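Report on the structure given below.
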Ligand SMILES: *[C@@H]1O[C@H](CO)[C@@H](O[C@@H]2O[C@H](CO)[C@@H](O[C@@H]3O[C@H](CO[C@H]4O[C@H](CO)[C@@H](O)[C@H](O)[C@@H]4O)[C@@H](O)[C@H](O[C@H]4O[C@H](CO)[C@@H](O)[C@H](O)[C@@H]4O)[C@@H]3O)[C@H](O)[C@H]2NC(C)=O)[C@H](O[C@@H]2O[C@@H](C)[C@@H](O)[C@@H](O)[C@@H]2O)[C@H]1NC(C)=O
Ligand SMILES: *[C@@H]1O[C@H](CO)[C@@H](O[C@@H]2O[C@H](CO)[C@@H](O[C@@H]3O[C@H](CO)[C@@H](O)[C@H](O)[C@@H]3O)[C@H](O)[C@H]2NC(C)=O)[C@H](O[C@@H]2O[C@@H](C)[C@@H](O)[C@@H](O)[C@@H]2O)[C@H]1NC(C)=O
Ligand SMILES: *[C@@H]1O[C@H](CO)[C@@H](O[C@@H]2O[C@H](CO)[C@@H](O[C@@H]3O[C@H](CO)[C@@H](O)[C@H](O)[C@@H]3O)[C@H](O)[C@H]2NC(C)=O)[C@H](O[C@@H]2O[C@@H](C)[C@@H](O)[C@@H](O)[C@@H]2O)[C@H]1NC(C)=O
Ligand SMILES: *[C@@H]1O[C@H](CO)[C@@H](O[C@@H]2O[C@H](CO)[C@@H](O[C@@H]3O[C@H](CO)[C@@H](O)[C@H](O)[C@@H]3O)[C@H](O)[C@H]2NC(C)=O)[C@H](O)[C@H]1NC(C)=O
Ligand SMILES: *[C@@H]1O[C@H](CO)[C@@H](O[C@@H]2O[C@H](CO)[C@@H](O)[C@H](O)[C@H]2NC(C)=O)[C@H](O[C@@H]2O[C@@H](C)[C@@H](O)[C@@H](O)[C@@H]2O)[C@H]1NC(C)=O
Ligand SMILES: *[C@@H]1O[C@H](CO)[C@@H](O[C@@H]2O[C@H](CO)[C@@H](O)[C@H](O)[C@H]2NC(C)=O)[C@H](O[C@@H]2O[C@@H](C)[C@@H](O)[C@@H](O)[C@@H]2O)[C@H]1NC(C)=O
Ligand SMILES: *[C@@H]1O[C@H](CO)[C@@H](O)[C@H](O)[C@H]1NC(C)=O
Ligand SMILES: *[C@@H]1O[C@H](CO)[C@@H](O)[C@H](O)[C@H]1NC(C)=O
Ligand SMILES: *[C@@H]1O[C@H](CO)[C@@H](O)[C@H](O)[C@H]1NC(C)=O
Ligand SMILES: [Cl-]
Ligand SMILES: [Fe+3]
Ligand SMILES: [Fe+3]
Ligand SMILES: [Fe+3]
Ligand SMILES: [Fe+3]
Ligand code: NA
Ligand code: NA
Ligand code: NA
Ligand code: NA
Ligand code: NA
Ligand SMILES: [Zn+2]
Ligand SMILES: [Zn+2]
Ligand SMILES: [Zn+2]
Ligand SMILES: [Zn+2]
C-alpha cells in the first residue's frame, strides 16, 4: 500500500565499488566512551577497519572489527561489519571512515559529556518507524527539530520487512540505507519489537530475532547481560534500561534476574534520570494490543515504582499516549484491588509507536478515556525528552501534520528522586 | 535434621555392576501417537554403543535401533556418555523388551506400548511433581509403584533432581537422581515438564545456557508436534492429548511458544482424544504463601485459551503441597472495570497443584486463610496423584498421602469431560 | 580462451519455478545397491525428497536427504541437495524424480549386476573435462560410443572454475548443467584433482576442496574411510580404489593407514579386477607435470605391485599415455637401482587427462619415448575399460578427431590374478 | 617398560587449590617480542590472565588469553589456557604469573636480542623425548650444559602417550609436568611427529593431532600459515622453518604453497642462519624408518639446495646421525643420476631423535656406512647449535653416558651465505 518504492531517493545505493552502505552507530560501552560502528558491503567482504580521529587532536587511529553474514530462506545477506571504537574523549566531535580498501566514506559523531548529576541532554523518541512515506516525514521532522536531538531512543519495530513475502530481507537493506542519514551521525539505542522476532517455521526460519541481531549490535556485556535483547547504558545524566517484551521474564529467568540486579546498581546522584525502554506498553488505552502488556506488568511494575523510574517509553501501538503517574500493584486475587491509583513514586508511561510503520494509524480507543490516561491521540509523529538538569526534563510530541516546531502535547517531567512534585 | 537428601551411599543410588554397565536408564514417548519410544541411558567407563536391541513378546523378532551419544560440561563437572535412541514403528498395546549396553554389560528392561488413540480408551496416568532425592521422595515413589490403581505413565510437572541446590549445582546429583528414578522410568515413560530447578542459569560460574543439564539428559519428541523447542510440546496417548508448557520460556504474543500453543489448541480433535491435559510447572491458581501469584503472568496470556478450548485439567507443581481448584475463571478483567474476582466457570479446567512428591524434604504449610472460593481442597502433605481415564465422559482423580496406606485416597473426585459430558462436577 | 560462453545450449537452465538443475548421481554404497542423488535449486530451498520406482514393478517410494549451502568469497551458492536411495535391486532400471514441491524433473538409472567373477561391465574413462568446446566433443563421443559405457571413472579436474577471477563459482554451476545429460543417468565415480583444491588464502578461502566437496558427495564411510577424498567401491566384477594426490599420505596418516588396510580386504576370488584412480600419474613421460607423481610413487608403487593391481588411471597431464607393466621399487639411495624394469606383477599405468579442459593439449613429450612408455599421443579424447569376464578386459582410447567407433589405441588386459600371462603389446 | 611411574618426583602436582601445572612457553610472534604462555588447571576453569613485568622497570601488566578443553575416548581434559604476552622489550628478563584467581605461580624468561646479522644465540636440539628414565637424563644433561641453551628446537614425538591403552592422555599431563622445569623458563619450538597424529578410528578418534594441538599452540598466523603444523619464526640471527612430515605437501597443497613463498621471504643479511625442522629425516642410514623421508625429499630437497639452507634437523629415528653436505636432485627417471653427490650449497642433515622416547635406541644401521653419512651412533643424548656470528656456528652432540661437558661429536658450521667454506 504505502511503503516507499525501491527506486525512491532515500533508498539510493552509495556509489563506487564496495562502498559501505547502511552505516549506523550506537553507544559501545556503559558510560559513553565507546561507539559501535556498523555497515554493509555488497560487492565483496572488504575490511572491517574504522579510521577515526577527533577534530581537535587530529591523530588518526585504526580500530579493528568483525564481519558476518546470514541467510534467511532464499535471501543471502551482504557482508556485515561491526567495529567498536574505544577510549574516546568526552564531549568531542570525531570523524570516522569506513570502506578503507576500496571506496571510503566519511562521517562524524559527538561523544556525550561525562555522566553526572547536572548534565543536559536531548533524546529523540521514535518507535515503529518502518519505511512508508509517513516514516520519511517523521524522520524529516526529527532532523529539523529546533531542539536538536542528540541520541534516538528507539522503542522497536524497525524495518517491517517481515510483512513482505518470505520477509523479503531486501527491505532490511533499504531501511538501513533510509535511516543512515540520521543514525550514521548520532547513536540510536535499539529495543527489539515484535516485527524483529521473525519466527517463520513455515519457511524453516525458527531462530528468533535473527536478521535484526545480525544487523544491529548492542553493548550488552557492558551491563553484565547475557543477551543482546536486554541491557543498560548510561549517557549524560540518564540511566537507560532496555527490556525485551518477547523474551522470557518469568521468575528466575535471565532477563528477570538481570533486571533485578541492574536496578540495584542505579545511582541517582550520578544519573538522576531513570528511563526504561520496552516495545509493548504496560499502560495502553487503545483497542489494538489492549492488555498485551499485562504479563510483563505483573513482573516488573512494582520494581519500577520501588525504584522511582521517571518514565517508561514503549511503542507497538501505532499512536501516541501519555499516562498519569499511576500504579496498579496492590492486587492479591481476593482483595479486589485491581484499579490503578495515582502514585507519585510511579513513572509516566508513554506510548510513542507512531512514527509511520507501513502507513496505518491505530485510532480505535477504549471509551471513555480512563483516569490513568492523561493524553492520547492517533497521529503520526515523534517525541523529544529534553533533560535540562537534575530536577527538570521537558517532553514534547510533534505531529507530522504540524510545523516542525509545533508541539501538540508537552509536559515537564519533575525528577522522581530530586523533585517528586505532581507534574499532572 | 536440616538436610533430608539421601546420602551418596544409599541403596537407591547404587551403580549397576559390570564394565561400562548402563545406568540412569529412562524412557519416554518418542512420537506423537505412541508408536515410538525414546530410550536413554548413561555409560561411565567409555562411550559404548548407542544401539538398542528390542523385541515384542508377541512376535519375538529381535531388532536393532541406532541412536546418538552426547556429553556436556558444567563448571568443573564432566558428564559421562549420554545415549538417546528412538525405537520406532511399535505395535500398539504390546509388551516389548529392550536391551542397552550391547558391547560390554547388557541390561534388559521392558515396557508396554499404549493402545491406539481413540475415544473411549482407558488409561491411568501418575502425577508426580518436584520429586527430588530426599527420603520423602523415596517414599512417594514407593507409594506410586505400590498403588493398586497401577499408573501406566507418569505426567511429571517439573523440578527433577534439585542438583542446583548443591555447590556449583554439583551435577553428580543429577546422576544419582537418574539411578534412583530408574526403577520406575526404565519401565514406563515419564512425560517431562521443565521447572525452575532445571533453569540452572549461573552466570557467576559462566554457565549461562538455560536448562542445559536437563536438556542433555532428558529428551522429548518436540518436533513431532511441530514445536521448535524441547521445552514445550504435545503428545497423544490413549484417549488423552497432553500439552506441555514452559513457565520459564518466553510466552509473549508472537513468541515461538505462544505461536506454537495457539496453533496446537486448534489442532486438538476431541473426537479422537477427548481428554485435554495441560502440564506446566508454575500454577495459575495457588492459594499457598510460597510462590503466591507467580503464575499470574502466564495466566493473563493463556487462561482464556484454556476456557475457550475447554481444557479438562491443568496440572502444575512448584508449590510443595497439594491443591485442587474449583472450575473457575478470571478472564473478565479490563483494567478499569474492577472485575478481578475468580468466578465459577463450568467451561474452565480444574487446576491441580501436585508439587508434593518430596523435593529436599520441605513441605509448604503456610496457606492464605480463609480458603478462597476458587480452592476446593488443599493440604500440605507429601504424596502423588493418579488420573484414571475410564472413557470419553469419565476420569477419576485421586491423591494419595505418604502417611496413609498405599491404597488409601485422601482426596478424590470424578472428572466429567468438558467436551463430551459437561455436567457440574463440583 | 576456448571455454564455452555462458549462453551456450549446454548451459541452459531447466524451466519452471525452482526446477532442479545440475542433477548428478553416483554409487551410494559399497556394492551397488544404493545411489546418491544430487541436485541444486536456485529459487528457494525446496524439498530434498526423491521419488523412485523400478520400471517393471512400480511401487513409488520416497527417500529423504539433506540440503546444504556454502559461500566462496562474494559467491553464494544455491541450495544443494544430496539424497541416498538404498536397498535397490540389482540389474534393474529405476525412475527417480526430484523437485517434488514445485517443478518436478524425472530421470532414470540402471543398477549394476550383483558383484561376481565374470560380470561384464563397461567403464568410461574421463579426466580433466572442463567446459571448453573440446570438453563437449569428448562427452559427445562418450555418449555415442557403440561400446555403451555404463559408469564413468572420473580421474579429477572437473570444472576449472578456479581459473576464473575469484574462482567464479558460477562456472561450477554451468559445469553441473553441462554434465547432467550424462551423470543424471549413470554414476560418475569422482576423484579429486588439483583444480579441486581451490586454496586461495589471498581471498581468505583456506579450506581445501570446499566447493567440490559441497557439490559432489561420495560413499566414503561405506569403506571405513574417514574422508571423502579417498574411498573404495565395488561394482560388477571390479574393485575400485580412489586416492587423493593432494591429501597427506605419509606413513601413519589417515589415507596411508586406510589404503594399507583396504588393500588387505581385496578378494580377487570375488572381484577379479583391481583398479586404482588418482589424479597425478606415477608414470608420465610428458614434460608438463613431469615427475610430480614421484612422491606418491615412493609410498604406494610397491603396494600396487605387491597386490597385483590390474590398472592405474590418472589425469592431470592433458594427453594420453599407456605404460608397459613396469616397476621402480628396488632403489636404496646408493645401490644405483633407479631404472624402471619390466614387471609382470605391476599394473599398467594409463594417463587419460585429455577430455578437453579449457582447450589446451600437452604436446611437449620427453624424447625419445622411454622404454616404460608403451603408447602416447597428445590428442583430446576418452577411454573405455570394457570388462568381459574374470580373465579379459578390453581397453580402448577414442580420439575426438576420429569417428565415435574408431579405436586409436586398444589393448587386451589379462587379469593379474586369474590370467597372469604377458599381455604386453 | 622403562617409562617413569606415575609417582615419580618429576610428575608431582604443584600444590594449592587450582594451582597451574604443565606450564610452558613458546615464541608468540614472528620476531621475538611476544610469548605464548600455556598451562592447565585441574580443579576449575580459573582465569586465563597472565601478570608480567620486566625485572628492572617493574610495571606490572595483565594479558588476557583463552581457555579450552578436549575429550579423547573416555578421557576429559583439564582446563587448558593459552595467553600471548605481546610488545615485549628485546634482551630483557621478564617475570610472569599464572593462576591469578586462586593459587599463583611465578616463572621468568628472557626475550632474545632483536633480530640481526651477527646476534649470537644458543639452541638446544631435542627429539623424541618421551618420559622414560633416559628422557629425564637427557633433559638433565641439557639443563646442566656449560654452553647454556636459550631455546629448544624440538623435532617432534613429545609424550608418547599414544603407546598407552586408548592413548591414556594422562600421559600428556605427566609429560607437561615433567618438562615444565625447562619449558616454563625458555621457549621450546614445537614440531609435530608421528606420535602426535593419534589417528585412532577404532576408538572413534579421527582428527589428526587433536591432543597435541589443544595442548601446544604455535604462532603460525605470524608467518601467514593457515595451519599450526607448519610455520616459521625468526630469533636472533636464525630463520627457523617448521615443517609437517604427516600433513600434505603435494604440489598445490597449502603446506607446499606456503613453504615456496616462505623461502622467498628469507633475507640472509638479516637472519644468516637458515634452519629447517621436520620430524622424519630426509637422509637416514639406519634400518628403522629407512627411506620414509623419500616422498618429502622429492618435493623439497631442491628448494633447500636452491636457498642454501644451513642445517636440517629431524628426529623420528632413535639415534644420532650427521650427514655430509650432499644433494640428490639430478634424477630424471631414465638418466641414471640417483646417487647423492657432494654439494656445498646443500644443508647438513642431522638426526637427533635420541633424547630417550620410552627407553629404546635404534642400533641396526645400514652397512657399510654410506658416503653421505659423516657420523652416526646409537646412544641417547641431545644437541646444541651455538651461533657465534654470521659466519660460524658450533654444533655439538652430548651423550647421556658421558659427563655433561663432553661432546662426543662436534663440528663447525660455516654459513652457506656468508662463509661457504668446505666443512
Ligand atoms: C464411562 O465410565 C463411567 C465410570 O466408570 C461409567 O459409569 C459407571 O457405570 C457403571 C455401569 O457400567 C456403574 O456401575 C453400576 O452401578 C449400579 C448402581 O449401583 C448403586 O446402586 C445399587 C443399587 O441399585 C447398589 O447395589 C450399589 O452398591 C450402588 O450404590 C450397580 O447396580 C451395578 O452393579 C450391578 O450391575 C452390573 C452390570 O450388570 C453387574 O455386573 C453387578 O454384579 C450388579 O448386578 C454397577 O456396578 C457405575 O456406578 C458408574 N460410575 C459412575 C461414577 O457413575 C459409564 O457408564 C455409563 O454411565 C453410568 C452412570 C450408567 O448409566 C451406565 O449404565 C452407563 O453405561 C461409562 N460410560 C459408558 C457409555 O459406558
Ligand atoms: C572371456 O572373455 C574373452 C573376451 O571376450 C573371451 O575371449 C574371446 O572369445 C571369443 C569367443 O567367444 C572370441 O571370438 C571368436 O573368435 C573366433 C576366431 O576368429 C571367431 O571365429 C568367432 O566367430 C568369435 O568372434 C574372441 O576372439 C576372444 N577374444 C580374445 C581377446 O581372445 C574368452 O573366451 C575364451 O577364450 C577365447 C580365447 C576362446 O578360446 C573362447 O572360445 C573361450 O571361451 C572369455 N572366457 C570364457 C571362459 O568365456
Ligand atoms: C569442583 O570445584 C569444587 C569447588 O572448589 C570442588 O570442591 C572443593 O574441593 C576442595 C578440595 O580441593 C575442598 O577443600 C578441602 O576441604 C577439605 C575437607 O573439609 C579440607 O581438609 C582441605 O584443606 C580443603 O580446604 C572444598 O571443600 C570443596 N568445595 C566445595 C564447595 O565443596 C570440587 O572438588 C570435588 O569435591 C570435593 C568435595 C573434593 O572431594 C574434591 O577432591 C573433588 O574433586 C570440584 N569437582 C571436581 C570434579 O573437580
Ligand atoms: C565479486 O567481486 C568481483 C571482483 O570485483 C566482481 O567483478 C567485478 O565487478 C565490477 C563491477 O562492480 C567490474 O568493474 C566494472 O567493469 C566494467 C567493464 O569494464 C566498467 O565499465 C565499470 O566502470 C567497472 O569498472 C569488474 O570488471 C568485475 N571483475 C571481474 C568480473 O573480474 C563480481 O561482480 C563480484 N560478484 C558478486 C556476485 O558480487
Ligand atoms: C532546571 O531547569 C529548569 C528549566 O529551565 C529550571 O526552571 C526554570 O528556571 C528559570 C530560571 O531559574 C525560570 O525563569 C523558569 O521559569 C523555570 N522553568 C520552570 C518550568 O520552572 C530550574 O531552575 C530551578 O527551579 C525553578 C523551579 C526555580 O526555582 C529556579 O530558581 C531554580 O534554579 C533548573 N533547576 C536547577 C536545580 O538548576
Ligand atoms: C665468528 O666466530 C668465530 C668463532 O669464534 C671466529 O673464529 C675465531 O676467531 C678467533 C679470533 O677472534 C680465533 O682466535 C679463532 O681461531 C677462530 N675460530 C675458528 C674456529 O676459526 C670468527 O672470526 C673470523 O673467522 C676466523 C676464521 C678468523 O679469520 C678470525 O680472525 C675472523 O675474525 C668470527 N667471525 C667474525 C666475522 O667475527
Ligand atoms: C524523504 O524526505 C526528504 C527530506 O524531507 C525528501 O527530500 C525526500 O524527497 C523524501 N523522499 C521520499 C521518497 O518521500
Ligand atoms: C555440444 O555437443 C552437442 C552434441 O554433439 C551439440 O548438440 C551441441 O550443440 C554442442 N554445444 C556446443 C558446442 O556449445
Ligand atoms: C630426574 O632427574 C633429576 C635431575 O637429575 C633428578 O633429581 C630426579 O630424581 C630424576 N627423577 C627420576 C624419576 O629419575
Ligand atoms: Cl514466573
Ligand atoms: Fe509496530
Ligand atoms: Fe520444587
Ligand atoms: Fe587438468
Ligand atoms: Fe620417536
Ligand atoms: Na510479582
Ligand atoms: Na519383535
Ligand atoms: Na506480549
Ligand atoms: Na604432487
Ligand atoms: Na615418516
Ligand atoms: Zn510492535
Ligand atoms: Zn519449582
Ligand atoms: Zn590436474
Ligand atoms: Zn617419530
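Going from the start of the chain as shown, residues are counted 1 onward.
The backbone N, Cα and C atoms fix where each Cβ goes, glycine too.
Summarising the annotation, Swiss-Prot assigns N-linked glycosylation site to A:74 (among others) and lists experimental evidence as the type of evidence. The Cβ of residue A:74 (N-linked glycosylation site) has 18 neighbouring Cβ atoms from other residues within 10 Å, across all protein chains displayed.
On its own chain, residue A:102 (N-linked glycosylation site) has A:16, A:17, A:18, A:19, A:43, A:46 as residues at least 6 apart in sequence with a Cβ closer than 8 Å to its own Cβ. Here Swiss-Prot flags A:102 (among others) as N-linked glycosylation site.
Sequence annotations record features per position, and here Swiss-Prot assigns Fe cation binding site to A:128, A:157, A:160, A:318 based on experimental evidence. In the three-state DSSP scheme, residue A:157 (Fe cation binding site) is classed as coil. Counting every protein chain shown, the Cβ of residue A:157 (Fe cation binding site) has 24 other Cβ atoms within 10 Å.
What Swiss-Prot lists as N-linked glycosylation site is A:136 (among others), and the listing cites experimental evidence. Around the Cβ of residue A:136 (N-linked glycosylation site), the same chain contributes A:4, A:10, A:178, A:356, each under 8 angstroms and 6 or more positions distant in sequence.
Within its own chain, residue A:279 (Zn(2+) binding site) has A:127, A:155, A:156, A:157, A:191, A:192, A:193, A:194, A:244, A:245, A:246, A:314, A:315, A:316 as residues 6 or more apart in sequence whose C-beta sits under 8 angstroms from its own. Residues or ranges marked as Zn(2+) binding site by Swiss-Prot on the basis of experimental evidence: A:157, A:194, A:279, A:316.
Taking all protein chains in view, 11 other C-beta atoms sit within 10 angstroms of the C-beta of residue A:204 (N-linked glycosylation site). According to Swiss-Prot, the feature N-linked glycosylation site maps to A:204 (among others), an assignment based on experimental evidence.
All protein chains shown were included, and the count of other CB atoms within 10 Å of the CB of residue A:289 (active site, proton donor) stands at 18. According to Swiss-Prot, the active site, proton donor annotation covers A:289, on the basis of an author's statement.
Annotation source Swiss-Prot lists N-linked glycosylation site at A:389 (among others), citing experimental evidence. Secondary structure at residue A:389 (N-linked glycosylation site), taken from DSSP and collapsed to helix, strand or coil, is coil.
A gap of 10 Å separates the Cα atoms of residue A:318 (Fe cation binding site) and residue A:289 (active site, proton donor).
All chains included, 29 other C-beta atoms sit within 10 angstroms of the C-beta of residue A:316 (Zn(2+) binding site). Cα spacing between residue A:289 (active site, proton donor) and residue A:74 (N-linked glycosylation site): 32 Å, rounded to the nearest whole number. Taken residue by residue with DSSP, residue A:136 (N-linked glycosylation site) is part of a helix. In sequence order, A:155, A:156, A:157, A:193, A:315, A:316, A:318, A:353, A:354, A:355, A:356, A:357 make up the list of same-chain residues 6 or more apart from residue A:128 (Fe cation binding site) whose Cβ falls under 8 Å from its Cβ. A Cα-Cα distance of 11 Å separates residue A:74 (N-linked glycosylation site) from residue A:204 (N-linked glycosylation site). Within 10 Å of the C-beta atom of residue A:160 (Fe cation binding site) sit 24 other C-beta atoms, taking all shown protein chains into account. Here the recorded positions are A:102, A:128, A:194, and the ones sitting under 8 angstroms from chain B, going by CB atoms, are A:194.
Note: the CA-CA distance between residue A:389 (N-linked glycosylation site) and residue A:204 (N-linked glycosylation site) rounds to 51 Å.
Same-chain residues that are not part of A:157, A:194, A:279, A:316 yet have a Cβ within 8 Å of the Cβ center of the Zn(2+) site turn out to be A:127, A:128, A:155, A:156, A:193, A:195, A:196, A:245, A:280, A:315, A:353.
In sequence order, A:74, A:204 are the recorded positions among A:74, A:102, A:136, A:204, A:279 whose C-beta falls under 8 Å from a C-beta of chain C. Cα-Cα distance from residue A:160 (Fe cation binding site) to residue A:204 (N-linked glycosylation site): 19 Å (rounded to the nearest whole number). For the recorded positions A:194, A:389, the greatest number of Cβ atoms within 10 Å around a candidate Cβ is found at A:194.
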